[PDB]
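**Q** quick one, structure for this:
(chains A, B, C, D, E and F)
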Amino acid sequence: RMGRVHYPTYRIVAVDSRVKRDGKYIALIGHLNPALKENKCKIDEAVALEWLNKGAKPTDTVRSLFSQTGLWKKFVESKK
Amino acid sequence: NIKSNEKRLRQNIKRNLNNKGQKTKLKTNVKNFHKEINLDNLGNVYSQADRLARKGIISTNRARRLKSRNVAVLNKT
Amino acid sequence: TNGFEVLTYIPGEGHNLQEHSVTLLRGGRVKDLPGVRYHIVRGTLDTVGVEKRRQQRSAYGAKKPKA
Amino acid sequence: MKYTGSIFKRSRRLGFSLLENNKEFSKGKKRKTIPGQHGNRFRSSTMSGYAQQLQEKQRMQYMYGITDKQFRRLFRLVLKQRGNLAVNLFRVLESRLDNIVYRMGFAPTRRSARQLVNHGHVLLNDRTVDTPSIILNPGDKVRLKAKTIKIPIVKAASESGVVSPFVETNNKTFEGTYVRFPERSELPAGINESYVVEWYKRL
Amino acid sequence: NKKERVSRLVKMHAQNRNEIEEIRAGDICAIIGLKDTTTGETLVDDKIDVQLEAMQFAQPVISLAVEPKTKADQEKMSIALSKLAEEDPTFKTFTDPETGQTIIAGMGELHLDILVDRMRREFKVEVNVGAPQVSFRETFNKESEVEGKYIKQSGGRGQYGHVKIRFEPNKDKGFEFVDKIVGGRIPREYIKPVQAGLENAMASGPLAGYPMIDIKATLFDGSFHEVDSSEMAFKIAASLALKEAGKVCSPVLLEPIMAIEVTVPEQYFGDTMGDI
RNA sequence: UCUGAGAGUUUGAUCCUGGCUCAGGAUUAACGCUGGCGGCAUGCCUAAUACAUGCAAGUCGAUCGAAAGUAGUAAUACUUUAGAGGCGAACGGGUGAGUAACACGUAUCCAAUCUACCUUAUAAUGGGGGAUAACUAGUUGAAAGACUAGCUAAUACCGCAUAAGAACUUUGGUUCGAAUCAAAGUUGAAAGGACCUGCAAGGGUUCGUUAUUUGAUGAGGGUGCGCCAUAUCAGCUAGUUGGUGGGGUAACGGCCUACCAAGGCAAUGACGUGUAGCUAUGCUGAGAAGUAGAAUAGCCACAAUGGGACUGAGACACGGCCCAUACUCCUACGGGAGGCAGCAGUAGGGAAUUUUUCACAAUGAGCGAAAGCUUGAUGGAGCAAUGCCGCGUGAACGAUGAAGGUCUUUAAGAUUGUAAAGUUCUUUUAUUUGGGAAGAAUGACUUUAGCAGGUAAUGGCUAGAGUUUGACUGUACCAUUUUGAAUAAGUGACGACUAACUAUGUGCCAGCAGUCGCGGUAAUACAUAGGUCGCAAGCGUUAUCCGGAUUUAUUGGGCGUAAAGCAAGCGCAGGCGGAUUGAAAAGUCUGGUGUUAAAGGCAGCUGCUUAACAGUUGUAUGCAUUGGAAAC
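**A** Numbers count the residues shown, from 1 in each chain, chains lettered A, B, ... in the order given. Sure, structure below:
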């Protein structure tokens, strides 16, 4: 969490396996206000497809908001 | 102090003993190659280099380079 | 703490200087003498500061009068 | 200060009332004199326009009741927006919470308005407030937080309150709305714009 | 009135630390943490009654004085004596204007030897061994009329002063003054400065640096300039006159003799005789 | 939309140039004066000085032995890991000393690169062998432990066989010192879990095994460019310069070696000295620009000091090793142990910086199928006004100015002052009571439907349900919640610059002083008290930077006498330079393209009562490159 103290914030950051937080990133997915949980956030909807194209499995915790988005519905064709 | 480090410290020591044993085995094989040149010993040393580049003991690029030099110098015939 | 030694005017009435009492020198300006370029500070040292000053209250040992 | 502890010394030094007579009430032979003891056949030796700068800045400083750090901060806030910034400066100063609620007829004076706001006697559109900093915009409805409607002092003050044409007020339900921005001639313009912009020597 | 933070419990021994998480009631232990501590404190966390158990606390008897050898050393003795006073409530240390040095107190010599060992090994003090010194009063014989005298040119017009006054010492009444000028030979504004030239010397001595007390006077004669004037000249001349008066008439000190109520069960009273 | 304020000072008076000082902010600022609180951020710039304890890294029992233990007659259900082996421990932290450069930043070629775990997809998982940790016995010992022998397990390791594809080689087709294509000489890989199904023998689910290609990620090299000062640092350097041979190397290269050859750089400032982590950026200014390199971020580099090495993709490694140096500690005097520029913390220095604190709640990283575990990463609270910011010290009426104090030097008065008193209101803060947050439903787990290679089940993918994660918090916040104005403001100045004058003492003294400089008988300049003013829980105030200081001048200066034209000349390099018309487009302008991270400011907005703050869209040149332009 960053930003104003006592006010959590969590940008959806990019990391393959070994990029520590608050540093270099390949692409910014968007933002998130983790105070009122409704998945209200702007995303490219193609940058996640960018990860899905060449691996670098996404972080396991931001998975729920993408389930609300539904990335499997456009990801199931990864192995067909 | 630290405990797994000591386990790791003694873990690779035996590994290193075995690996240097096979490395000097390759060394004496390529020394026999140096003494006089034949097809059979060159094939044997290539077969050994295949295993050694196969493992992490020897870099694949170094093995490829050395085998290229050896075939280059034997093709003088 | 360095080897160089500087001269300094003594503001305030009387003096709490007692033949090698610790002092704390501070940037100052006195045009009456070539060699004085600093001042002693009153209010925090072995010198507890002095009264009879309330128009000026900070650059001295002057408390607020007890009243 | 928020409560300077003495207002007539300062006013008799300057000479500005609230509307026409509030700093004087025939209290001790109502007169136009300084509170000092240098006589009153003369005022001072040095004369400068910066003295008028100080007089106007104190008059605007205290007749709406702000501090000085907030003062420069809000000049910056208005500096954000372009145009004739002086009139915007004054209209934003008028837009302050205590200023508006006073202009609502809801407060005997700005000090009283800040006091009633401080102890939680105001509430608008589910927005409580304890800081006199609300900027009033068209579309704001202001309520009294009628839990404390038992107070007879507020209703007595609103009996003879001053009405403003650019807003709307109600005399009995303690409610109002901010219809429009403040106007130049409708308000005391003793503060001269050129002098105010003259004082701005920060940058 | 402080909520203290407790780090851990432990058992001290000369070898090393020995810590145990809990201890039952009625036992003894040591606590690391508890940012400030002194003897006989009561600590409450179970929200129970606080309590005190102290029926004796020794007071010091001996007073010794030690001079410093370095200014930072002096500050370090002050700090170290404060620390030892906090460590054990048995003795008090003073740096008073009566002596202007370190006034220590304790029981015996070997306790002081241990203290100097501590402040040498840890506190870096190089304490010396000396003898105590106490303040004394200082009176003086009944001298005759004295005169204050001064010419010095001081930045422009010369500064002049002549005074002729008498000091009659007596412990019945203090500083007096009688207007004994009938013609008006002296201005009234000169009445005060000469008196001032006395006050600066009412609490110090020129021979031993100890207060000269019971100083009476009366302005009897004097001399200034016609076309020139001076005000503090009177005070400076009076100070010089005080020095001159002290020079001539053999002042004598006055020492505080103490009452001692010595006790013994009539066994070591031989010490009492052979010493007293 | 952007675009610059003066004042004072040499003189009998009066002008040029010119310095100095103030009016403006800003700080990782002490310390006075102190002081109520809410958030808001920060808190060794100083000895890269040495340091106790807890924390700073573990994890796999669904890979195994092996002993041990709770319940078990027994078989063992289960426990748990000292141990082997598996992964990781190099990532994460802080420091900035040495480094003056390919360190950094930018554009780059890597026809010289490599990258385990992911990525699409491919090839297979046959067996064989024997040690050994642990355990046991002993010597040596409190321990340390070493040396023998016996006992084994495993995805540990070593052959055999087998190769899709790979390397290696030869022929045949390709590009603006190389690459692809068919054929073949040589050669090599391994393993078992867990479950289902099947009497079985097999088969399937899934981890992993061994191989391959797309990628990306990561690291490294060269290149052009820009990126301190110094002439009281004039010549400097010899694996140095060049190639060959050979070697080493993820990899190109005197990277290294042998053979010889003889340079290489330089006045366009090399070499050497002081000094510096760099950059983005912070501050200031109207800008050009100047100062600094705080927090925060990226790159590099270090790790008590100097070297040398192994490990694995990956290190020459804060807490992996060896040696030496230096220091500390223990000891049985036999011998060893140790590395806070990890967190706190200590000791010293230092004017100047905190907790010998808590939860892993969320998220990050490592392990694991999962129960989850580890985490001073992370987030909290503690201290500090250190800075920006809000907020208490009350509010309406109430007087010919209550007491006092001061002057009126003569005696209404004037003054602090409607502030006092008094009427009454109210609780920001302080008090009673109750309710009570969110952040935390993320997360796996426990149950269904469809989906699909595979039907025989077991597996997963989502739509739905339930299980919980809280140090925070007793918080935020709310409530016809109760006594109660009750719980309180300092602060420098008052001659002029800049604003507000009287009096006591004062007598070139005490003194005061940003500048002008005042003070010896009437001080508005000193102390004193009243009053007056300016800021404000801060005000004093020097170290600190720019602006004014156009006070080293592209913007934006001068040299006749105020400072300066050399004593003059022959002039190399260099700068500038007649007209005409031609190519071309180097400078230059201009239109697209890649890039110029995050963050800051600017504009628009969202959230907290309100800004400070955070988040969000654009916002920042410039470098390379495609196309026009030919005026100079």
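**Q** and stretch E:194-204, which residues are buried?
**A** Buried residues in stretch E:194-204, counted by 16 or more other C-beta atoms under 10 Å in any protein chain shown: E:194-195, E:197-198, E:201. For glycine as for every other residue, the C-beta is placed from the backbone atoms N, C-alpha and C.
**Q** what segments of the chain are helices?
**A** No chain was given, so I picked chain A. For chain A, the helices defined by DSSP state H cover A:47-54, A:63-69.
**Q** sorry, I should have been clearer: chain E.
**A** For chain E, the helices defined by DSSP H occupy E:71-87, E:110-121, E:191-199, E:232-248, E:269-275.
**Q** same question, chain B
**A** Going by DSSP H, chain B shows helices at B:4-35, B:39-54, B:60-74.
**Q** report the central residue of chain A.
**A** residue A:12 (4.2 Å; C-alpha atoms, centre = their mean).
**Q** ok, for that one, nearest residue in space, not its chain neighbours?
**A** In space, and not counting its chain neighbours, residue A:12 is closest to residue A:29: 3.9 Å by C-beta to C-beta, 6 or more residues apart in numbering or on different chains.
**Q** the one you found: what's it in contact with?
**A** Contacts of residue A:29 were listed using C-beta atoms under 8 Å, 6 or more residues apart in numbering or on different chains, and they are A:11-14, A:43-44, A:47-48.
**Q** and those residues as JSON lines, adding distance to residue B:46?
**A** What follows is those, written out as JSON lines (distance: C-beta to C-beta, whole Å):
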{"residue": "A:11", "distance to residue B:46": "54"}
{"residue": "A:12", "distance to residue B:46": "51"}
{"residue": "A:13", "distance to residue B:46": "48"}
{"residue": "A:14", "distance to residue B:46": "44"}
{"residue": "A:43", "distance to residue B:46": "54"}
{"residue": "A:44", "distance to residue B:46": "51"}
{"residue": "A:47", "distance to residue B:46": "47"}
{"residue": "A:48", "distance to residue B:46": "47"}
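**Q** chain center to stretch D:91-106: distance?
**A** The chain centre lies 7 Å from the centre of stretch D:91-106; the measure is C-alpha atoms, centre = their mean, to the nearest Å.
**Q** do stretch E:239-258 as well
**A** Distance, stretch centre to chain centre, for stretch E:239-258: 21 Å (C-alpha atoms, centre = their mean).
**Q** so is it next to RNA strand F?
**A** No. Using C-beta under 7 Å from any atom of the strand, we find that stretch E:239-258 stays clear of RNA strand F, coming within 13.0 Å at best.
**Q** quick one: contacts of that stretch?
**A** Applying C-beta under 8 Å, 6+ apart, the external contacts of stretch E:239-258 come out as E:134, E:136-143, E:146-150, E:163, E:165, E:167, E:197-198, E:200-201, E:205-208, E:210, E:212.
**Q** now residue D:166: closest residue in space that isn't a chain neighbour?
**A** Closest residue to residue D:166 apart from its sequence neighbours, by C-beta to C-beta, 6+ apart: residue D:180 at 4.3 Å.
**Q** now that neighbour: how far from residue D:74?
**A** Taking C-beta to C-beta, to the nearest Å as the measure, residue D:180 and residue D:74 are separated by 21 Å.
**Q** what helix or strand is whichever residue of chain D sits closest to RNA strand F on?
**A** Nearest residue of chain D to RNA strand F (C-beta to the nearest atom of the strand) works out as residue D:28 at 2.5 Å. Under the criterion DSSP states H and E, no helix or strand holds residue D:28.
**Q** what's the burial count for it?
**A** 8 (other C-beta atoms under 10 Å in any protein chain shown).
**Q** in chain C, what residue is nearest RNA strand F?
**A** residue C:27 (2.0 Å).
**Q** which ones are touching that residue?
**A** For residue C:27, counting by C-beta under 8 Å, 6+ apart, the contacting residues are C:37-39.
**Q** where's it relative to residue C:45, distance?
**A** In terms of C-beta to C-beta, residue C:27 sits 16 Å off from residue C:45.
**Q** then residue E:209?
**A** Residue E:209 is 25 Å from residue C:45, by C-beta to C-beta.
**Q** the more surrounded of these two?
**A** residue C:45 (15 against 9).
**Q** burial measure for the closest residue to the more buried one other than its chain neighbours, as a count.
**A** In space, not counting the residues next to it along the chain, residue C:45 is nearest to residue C:24; the distance is 5.5 Å by C-beta to C-beta, 6+ apart. Residue C:24: 13 surrounding residues under other C-beta under 10 Å.
**Q** same question, residue D:124
**A** 21.
**Q** that one contacts residue D:139, correct?
**A** No. Counting by C-beta atoms under 8 Å, residue D:124 does not reach residue D:139; the two are 11.3 Å apart.
**Q** one step back: nearest to residue B:11, of the helices of chain E?
**A** Using C-beta to C-beta as the measure, helix E:110-121 is the one of the helices of chain E that comes nearest residue B:11, at 48.0 Å.
**Q** for the closest one, what is the distance to the chain centroid?
**A** Using C-alpha atoms, centre = their mean, the offset of helix E:110-121 from its chain centre is 25 Å.
**Q** CA atoms only for it, dumped as PDB, please.
**A** In PDB, the C-alpha atoms belonging to helix E:110-121 read as follows (Å, rounded to 0.1, in the frame of the first residue of the first chain):
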ATOM      1  CA  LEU E 110      37.100   2.200  50.300                       C
ATOM      2  CA  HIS E 111      33.700   3.100  49.100                       C
ATOM      3  CA  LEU E 112      35.300   6.200  47.500                       C
ATOM      4  CA  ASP E 113      38.000   4.000  46.200                       C
ATOM      5  CA  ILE E 114      35.400   1.900  44.400                       C
ATOM      6  CA  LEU E 115      33.700   5.100  43.100                       C
ATOM      7  CA  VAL E 116      37.000   6.400  41.700                       C
ATOM      8  CA  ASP E 117      37.600   3.000  40.100                       C
ATOM      9  CA  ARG E 118      34.200   3.200  38.400                       C
ATOM     10  CA  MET E 119      34.700   6.800  37.200                       C
ATOM     11  CA  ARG E 120      38.200   5.900  35.900                       C
ATOM     12  CA  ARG E 121      37.300   2.700  34.100                       C
END
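**Q** what packs against that helix?
**A** Where contact means 3 or more C-beta pairs under 8 Å, 6 or more residues apart in numbering or on different chains; DSSP states H and E, helix E:110-121 is packed against helix E:71-87.
**Q** tally of neighbours for residue 47?
**A** In the absence of a named chain, chain A is used. Using other C-beta under 10 Å, residue A:47 has 16 other residues around it.
**Q** that's the wrong chain, I wanted chain D
**A** 8.
**Q** SS state for it?
**A** Three-state assignment for residue D:47 (DSSP: H, G, I helix; E, B strand; the rest coil): coil.
**Q** quick one: buried residues of stretch D:46-66?
**A** Quick answer for stretch D:46-66 (16+ other C-beta under 10 Å): D:55-57, D:59-66.
**Q** for residue C:49, which of the helices of chain B is the nearest?
**A** Going by C-beta to C-beta, the one of the helices of chain B nearest residue C:49 is helix B:4-35, 60.4 Å.
**Q** check which helices and strands the closest one sits against.
**A** When contacts are defined as 3+ C-beta pairs under 8 Å, 6+ apart, helix B:4-35 packs onto helix B:39-54.
**Q** what about the helix it packs on, distance to the chain center?
**A** For helix B:39-54, the distance to the chain centre is 9 Å (C-alpha atoms, centre = their mean).
**Q** contacting residues around the residue positioned nearest the centre of chain C?
**A** Among the residues of chain C, the one closest to the centroid is residue C:40, at 3.0 Å (C-alpha atoms, centre = their mean). Counting by C-beta under 8 Å, 6+ apart, residue C:40 touches C:8, C:10-11, C:23-26, C:47.
**Q** again, only this time at 7 Å
**A** By C-beta atoms under 7 Å, 6 or more residues apart in numbering or on different chains, the contact set of residue C:40 is C:8, C:10, C:23-25.
**Q** which residues in chain D form strands?
**A** D:123-124, D:127-128, D:141-142, D:168-169, D:176-177 (DSSP state E).
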